Amino acid sequence: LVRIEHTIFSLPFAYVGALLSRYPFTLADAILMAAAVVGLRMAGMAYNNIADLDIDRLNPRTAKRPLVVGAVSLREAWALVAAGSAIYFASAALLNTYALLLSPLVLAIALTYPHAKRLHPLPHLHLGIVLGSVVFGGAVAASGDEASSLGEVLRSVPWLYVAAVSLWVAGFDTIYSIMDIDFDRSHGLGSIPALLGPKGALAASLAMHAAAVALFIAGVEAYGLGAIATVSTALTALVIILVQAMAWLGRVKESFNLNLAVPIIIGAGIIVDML
């Protein structure tokens with residue numbers, strides 16, 4: 001099962017990469033961006049529920065997840081995988097030739113992630129590069145109309161925010177993986193808290209989130225930015241500190257739940273900047 005509404009919280013990071021790429025784009029292009037995200041998230045969320053099924057049945061927390069219960073088939077699931085992948089490839093095609101060209105690599109990143117925990121620890125990075133690929137996509141989505149070569153469109157990407165956003169989610173996924181230290185151990189699943197314990201995860205979490213705020217800041221001087229953007233940059237940097245704060249005070253659910261401010265702050269920041 002997949003809930004489409006959630007994708008709202010992923011859109012801002014795409015438009016960020018489209019703006020911080022000084023190239024222009026149309027309302028049409030902007031809709032295709034959203035579509036591509038919706039597809040990508042659809043496919044990801046779908047395939048996630050599949051690849052983790054065998055172990056989602058064993059874990060107590062995920063015993064309530066769909067298709068563990070049997071609320072949906074693998075068919076219905078694989079249908080959304082195909083569907084999402086398509087409405088991504090579709091939107092990627094109506095955009096640019098580079099967007100389309102890079103589609104499979106971006107989709108690959110999204111679909112390989114659920115296996116990261118089976119190969120190595122720090123799947124949290126893998127998870128974050130997925131959100132990095134969104135802003136990356138947002139960039140290429142703009143630097144194909146209009147653009148010339150691959151060098152340019154790669155030069156078009158604001159890699160600070162790519163890495164910043166990646167380290168941000170890698171950080172709270174690390175905090176989120178504390179509750180599964182026990183289950184991920186024994187069952188041979190890779191986690192950084194399963195490798196270092198809670199105190200040690202919090203640490204690596206803090207290191208990530210530190211470097212995140214560093215980049216969010218460095219992006220101001222670098223990519224110029226302005227008042228509203230700098231205000232937003234500060235607010236997101238502010239939130240990232242509470243999720244750390246609340247997490248070091250145990251109290252991790254509200255810490256995790258807090259991260260929804262960052263999309264909203266960014267999204268609102270863009271909307272106000274346009275006006």
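Before going further, it helps to examine the environment of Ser-133. With respect to the element layout, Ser-133 can be found in helix α6 (residues 123-140). Of the residues examined, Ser-133 reaches a relative accessible area of 6% and is grouped as buried. Spatially, the C-alpha atom of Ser-133 lies 19 Å from that of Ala-82, the residues being 51 residues apart in sequence. Dropping the residues within four chain positions of it, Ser-133 is found in contact with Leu-40 and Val-106. Among the polar contacts listed, one links the side chain of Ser-133 to the backbone oxygen of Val-130, at a separation of 2.4 Å.

On to the UniProt feature "binding site: Mg(2+)" (unreviewed entry) in the protein chain. As annotated by UniProt and renumbered to match this structure, "binding site: Mg(2+)" (unreviewed entry) occupies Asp-56. Along the chain, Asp-56 falls in helix α3 (residues 53-56). Residues in contact with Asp-56, not counting those within four places in the same chain, are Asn-48, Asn-49, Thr-62, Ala-63, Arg-65 and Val-68.

Let's shift gears to the domain arrangement of the protein chain. With domains assigned, the protein chain is organised as domain 1 (1-156) and domain 2 (157-275). Taking only C-alpha atoms into account, the centre of domain 1 sits 19 Å from that of domain 2. Listed per partner, the contact involves 34 residues of domain 1 and 33 residues of domain 2. Summed over both partners, the interface of domain 1 with domain 2 buries about 2600 Å², with 76% contributed by carbon and sulfur atoms. Per-residue buried area on domain 1 facing domain 2 is highest for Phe-13, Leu-20 and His-124; these three make up 24% of the total on that side. One can count one salt bridge joining domain 1 with domain 2. Linking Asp-180 and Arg-61 is a salt bridge whose minimum nitrogen-to-oxygen distance equals 2.9 Å.

Formed by 59 residues in total, the largest nonpolar core has its most connected members in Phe-13, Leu-131 and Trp-168. When we break this core down by domain, the ones giving at least three residues each are domain 1 (1-156) and domain 2 (157-275). Apart from the residues within four sequence positions on either side, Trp-168 is in contact with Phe-13, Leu-131, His-209, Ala-212, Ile-240, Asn-259, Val-262 and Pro-263.

Thresholds applied
Residues numbered from 1 in each chain as written, not as in the entry; some residues may be left out. Heavy atoms only, no water. Residues with missing side-chain atoms left out of burial classes, pairs and counts. Helix = DSSP H or I, 4+ residues; strand = E, 2+ residues; numbered from the N terminus. Buried < 20%, exposed > 50% of the residue type's maximum accessible area, 1.4 Å probe, protein only. Contact = heavy atoms within 4.5 Å. Polar contact = N/O pair within 3.5 Å; in protein donor to acceptor, adjacent residues only side chain to side chain. UniProt positions renumbered as here; feature names shortened; annotations may be inferred. Domains from an automatic or database assignment. Buried area = accessible area lost by both parts, 1.4 Å probe. Salt bridge = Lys/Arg side-chain N within 4 Å of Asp/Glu carboxyl O. Core = buried A, V, L, I, M, F, W, Y, C linked by side-chain atoms within 4.5 Å.

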